[PDB]
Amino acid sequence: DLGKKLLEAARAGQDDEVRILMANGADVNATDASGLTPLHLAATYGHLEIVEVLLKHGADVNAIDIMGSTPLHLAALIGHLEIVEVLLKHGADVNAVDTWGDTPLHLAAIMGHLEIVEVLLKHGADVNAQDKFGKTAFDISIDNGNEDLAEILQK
């Protein structure tokens, strides 16, 4: 079953092996036990070329794992700016909500990825989106005294 192999190749950044497996019919939208797809794993580990190739061959840019995490959630969490932009250009839901009530903006804010915060805002990120405890991205900035982030969020 080439699904597991494509999931591992995407996580490991083996570009050439990703192309081969999709030539032999590998499921581009295969899921691991937790519901993560090749695109999830490539976006987590910063493999831009694999992100782009997957999106050009039928990957669901807005696929969700069992916790509601989309590839954009993870790229915004880990801080892969170009992957964030590629995912958005291919139709990523900028305001996707996971089981914790978090949007990509929440995660980039928590992790201090300020450039990604700006990109998400330019693409319509909801500054009023609340997590399960009622906090918006701005509340997180105010609560942790991140003046740089709070300035960006008030643009």
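Residues carry their position along the shown sequence, with the first being 1.
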{"query": "Given 144 to 152 and 1 to 9, the range whose Cα B-factors average higher in the PDB entry", "finding": "1 to 9"}
{"query": "38 to 46 versus 22 to 30 - greater average Cα B-factor per the deposited record", "finding": "22 to 30"}
{"query": "Deposited CA B-factor, highest of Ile110, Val51, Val127, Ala92", "finding": "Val51"}
{"query": "Chain-wide C-alpha B factor ranking for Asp16, given as lowest, middle or highest third", "finding": "highest"}
{"query": "Ranked C-alpha temperature factor of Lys56 among modelled chain residues, by third", "finding": "highest"}
{"query": "Record-listed C-alpha B factor of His106: chain third", "finding": "lowest"}
